[PDB]
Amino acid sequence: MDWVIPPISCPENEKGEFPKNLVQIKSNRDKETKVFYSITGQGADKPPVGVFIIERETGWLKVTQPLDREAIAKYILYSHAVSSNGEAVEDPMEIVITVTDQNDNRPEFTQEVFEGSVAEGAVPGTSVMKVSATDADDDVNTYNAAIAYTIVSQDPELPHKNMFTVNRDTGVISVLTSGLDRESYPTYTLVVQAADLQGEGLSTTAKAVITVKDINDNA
């Protein structure tokens, strides 16, 4: 909290009265003169200009707005101490502000409708097709992008509403029960879901369309 300082952390999407005092930095030299503090770098004087500011006479670094981990995850500013006589009394101290994640992004399926086909007579347990979703949040150090899949519904609900099932982790849709009848119900429209936080958080849905078929090249 002088001219020596470790990496600071600020959470994205914070609210409250802005600007907020992040940490303060000072120069011992101020007892022998008057010192003026300044910061430079992207987020400071270079674009995005203005996110961060430092009160000249006190060394108070502040954030002037809510951050967004997905736009810019880390900033690298430099502090400068200049004396009343326009003399650099300190060498530029690099300051690194890391933006910590928040779960503000719903998972997203790689397609709006995935399509597949299953052979009529396929033994229960046979793999049909796979669905996919991605989440913009931090998968390195949070569960804010830990996706778990589920089947919200089947259409038509015949013979019964549980013909297929999807592996909660992998997203692979398998045939759960027997009774696929191509001549009465040739196409299933399942509504899969993907929820982050291992199935607990924010969710999203996309459809999977399965075609029941007599495997052997039919006419």
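From 1 onward, residues are counted along the sequence shown.
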| property | result |
| --- | --- |
| 143 to 151 set against 111 to 119, stretch whose average Cα temperature factor tops the other in the entry | 111 to 119 |
| Which of 133 to 141 and 81 to 89 has higher mean CA B factor, as the PDB entry lists it | 81 to 89 |
| Given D181, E55, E157, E70, the residue at which the Cα B factor reaches its maximum | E55 |
| Of the residues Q24, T211, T205, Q198, the one carrying the largest Cα B-factor as recorded | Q24 |
| Cα B factor band for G59 (lowest, middle or highest third within the chain) | highest |
| Within-chain third of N28 by Cα B-factor, per the entry | highest |
| Relative C-alpha B-factor of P47, binned into the chain's lowest, middle or highest third | highest |
| Entry-reported Cα temperature factor of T170, expressed as the chain third it lands in | middle |
| Where the record places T100 (Cα B-factor, split into thirds across the chain) | lowest |
